[PDB]
Amino acid sequence: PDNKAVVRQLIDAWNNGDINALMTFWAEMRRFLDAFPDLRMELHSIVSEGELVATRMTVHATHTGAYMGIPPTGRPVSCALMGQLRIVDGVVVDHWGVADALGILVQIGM
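Just so you know, the sequence shown maps onto residues 4 to 29, 49 to 132 in the entry's author numbering.
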């Protein structure tokens, strides 16, 4: 079971809408997905070692929902996102992440 292949398939599943493949692998995340439900993930780099896998990504989406009170603008966003995943037995068990939240506020007009 290659950790680095699980991640690359989780991103594929999310960007293509495969409920099942995304479930074979399993706060502020809801703020995003409520404000940017259409978000898409572009993987720039991936580092694996043991159960931990780390990613550099850009999130692409359109601002259709209220984000932290800012009303929806319709404008697309591109937000840098770095995360860490813990994969046990081929399924993600924990996740850490830092998104460029401030860079979103610039992109939409705040």
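Note that the Cβ used here is the ideal one computed from N, Cα and C, for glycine as well.
Backbone secondary structure at residue i - three-state DSSP
{"i": "residue 37", "result": "Examination of the chain shows a numbering gap from 29 to 49; residue 37 is inside it and therefore has no coordinates."}
{"i": "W17", "result": "helix"}
{"i": "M26", "result": "helix"}
{"i": "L61", "result": "coil"}
For residue i: DSSP bridge partner residues
{"i": "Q106", "result": "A76, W118"}
{"i": "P98", "result": "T84"}
{"i": "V113", "result": "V110"}
{"i": "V69", "result": "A76"}
Among the options, nearest to residue i - alpha-carbon criterion
{"i": "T84", "options": "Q106, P98, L124, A102", "result": "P98"}
{"i": "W29", "options": "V115, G125, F58", "result": "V115"}
Cβ-Cβ distance between residue i and residue j below 9 Å
{"i": "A121", "j": "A102", "result": "yes"}
- Task: Kindly confirm or deny that the segment 67-83 and the segment 16-27 touch, where touching means at least three C-beta pairs closer than 8 Å.
- Result: no
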